[PDB]
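Take a look at the structure tokens below, where one protein chain is shown in two forms, each on its own, as structure 1 and structure 2.
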Structure 1
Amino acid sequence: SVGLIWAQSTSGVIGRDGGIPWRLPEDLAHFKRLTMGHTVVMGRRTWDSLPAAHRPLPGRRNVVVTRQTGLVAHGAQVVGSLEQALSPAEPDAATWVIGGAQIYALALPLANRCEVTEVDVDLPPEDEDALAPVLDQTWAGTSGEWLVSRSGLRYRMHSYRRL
């Protein structure tokens, strides 16, 4: 099973300036809970965005997708395409595609689940922003309640599965 997991503003932004333009501790915890013990597949720019104590993401098999065959990525497995990332020599019952926008677009046709955090934060998109994928009629989902973070933002989790 191949799942995507992301957090987006209601406006659809996932990334800006090499990071994530809000602070949502409940989402970091959600991400860690869902992914721990599993494979996490990411694009090279997302690998480069990980803060020091999270590069590699502890307790998970980190797979980095790049066209730079010689790339050094200590703590991760480097592969040359998304298809390679999803064709491991050692299978995993759960593989999560963890971003970014480029890789989500390639992975969406191959996935059967999306776990989405929606963040009610006013962020008019800017020209270099990374944006969330859009789920069409081949997906259906369920939504948790709107919650308020201890740090102030309204957020909610959605779970989608391929019809």
Structure 2
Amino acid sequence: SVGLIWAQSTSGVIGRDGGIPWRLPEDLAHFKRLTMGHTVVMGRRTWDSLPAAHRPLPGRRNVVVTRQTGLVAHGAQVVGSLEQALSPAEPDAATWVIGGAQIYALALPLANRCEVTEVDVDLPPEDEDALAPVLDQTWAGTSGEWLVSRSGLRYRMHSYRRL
């Protein structure tokens, strides 16, 4: 089982200036609950984007997809392709692909699940933004209710499964 998990603005932005252009504690907790104890696979730019306190993601096996021989920043297992990242795999549990846009594009054809947090923050897409992948007719989804964060932003979760 391969799942993609991401947070996006309503406009579809996932990344800007090497980071995430909002702060949503409730999404961080959701992401931690879904991924704890599992393998997380990410692109190398996302690895380098993590705040140092959070790299590697504690309690998870951190796999980083790169074309380089290895990385200066410690704590990852490097692989040269998504296929190498995914096999061997943890039994009875998802491997989670946690970004960014390039790695989501590689993983989308292989995935069985997508877990999306939508953040109602007004962020018109800018030229260099990383955007969320678009889901085609092979996906069926359900959506939770709109929630209000302690910081005032409205957000909600969408969950998709391959038909």
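Throughout, residue numbering runs from 1 along the sequence of structure 1. If you superpose the two forms and keep the largest set of C-alpha atoms that fall within 1.5 Å, you have the rigid core. Residues that one form lacks are left out of the comparison.
Q: State which of the options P124, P51, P109, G70 undergoes a Cα shift of 2 Å or more between the two structures, taking the core as fixed.
A: So the residue whose C-alpha moves 2 Å or more is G70.
Q: For a quick test of reading the superposition: does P88 move by 2 Å or more at the CA between the two structures, rigid core aligned?
A: Moves: yes, 2 Å or greater.
Q: When the rigid core is overlaid, by how much has the CA of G141 moved between the two structures, in Å to one decimal?
A: After core superposition, the C-alpha of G141 moves 0.5 Å between the two structures.
Q: Just the runs, please: which groups of three or more residues in a row shift their CA by 2 Å or more between the two structures on the core?
A: Listed in sequence order, the moving runs between the two structures are 70-73, 88-93.
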